[PDB]
């Protein structure tokens, strides 16, 4: 770990909170970056960027009780960070990225009850300092996905409402520099996200994308055989809007593969080659430890010998609820939505070692095994207070999206586990 050892001796100490997150998550990024074959120069830049721009926004260190005043749904322990490992393809090495929730001293207070001001400030300071940052859609969705009179959210909190994370921010450490994305979890003063009609969200979407074939294909799908999908999230890239994706996330209670076929083809409107679909289904069964011929009409079985927090998840906290996550990318000028499916590895599958080996076997079987032993090893540096094989807690999702060349883009979403007394064994 040359980059991390060097940089962490040259970068000064700064206060207990920054030092906590820098030491905990800076080392994790370095392990993942090293396991993925990142050059030392690329590692230095990412770690330097992490130290100065992300760590200061990660808020307070957790307490001895691994407790935080404003916990984040990215983790069963509520930590404000999630890593992702995009798997190597034929033509590219793995890509390491991560997401944070931005926090400050007023996070969650009556002046900022949905904790949105630190993200505004982080993205604006990045825009003033680094080229190519565009916040048109960021600012538009701030104005339209939420009630605007903050004192309405405060009155409701004064009546027992439990508001949580609304915005998260990602920097991509992809081969060309870095660009940013924003995630919005909509929340209103009087109703649940589950109660939020899709139509209101689509009205907000119509403010920047009034028509597109992809959008029209998705709304036709949603009023037919897509009716069981519940909206959960929206994401944008903070770049020139004509270059930005427009990701509309949904929760589906069903997990049988027949349902997967339905969602990913948008009810047959957007066909997918059967060899690609069968490859996805192989990955889904290998990841959750099911027989390779698991029936296409059967829902996946919930993990149970793991006591996960299923009753604590919802649309606003999608980490641990039964079902699949999806997004539909419906950006303007798209002929059809791009679809990504998210298998929830907190709710399905076995321990982290089995899950990582299931994904590894799939990669190996498809000639992408190049980096699996390094990935398994890096996983072990992410959990503190247990072995990787004793329970769940590092893996949160594995995702698949069918690229325009038939290629399966696969991503492991990973989370630090800190607690000395693990909560899923």
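Residue numbers count along the first chain shown, from 1.
- Stretches 119 to 127 and 297 to 305 differ in mean C-alpha B factor, with the higher average recorded for 297 to 305.
- In this crystal structure, the stretch out of 98 to 106 and 176 to 184 whose C-alpha atoms carry the higher mean B factor is 176 to 184.
- Taking only the listed residues 135, 222, 111, 313, the entry reports the highest CA temperature factor at 313.
- Taking the deposited Cα B-factors for 345, 193, 235, 81, the highest one is held by 193.
- For residue 416, the recorded CA temperature factor ranks within the middle third of the chain's modelled residues.
- Residue-level temperature factors show residue 252 in the middle third of its chain, judged at the C-alpha atom.
- In the deposited entry, the Cα temperature factor of residue 16 places it in the lowest third of its chain's modelled residues.
- Split the chain's modelled residues into thirds by C-alpha temperature factor. Residue 92 is in the highest one.
- The PDB entry assigns residue 55 a C-alpha temperature factor belonging to the lowest third of its chain's modelled residues.
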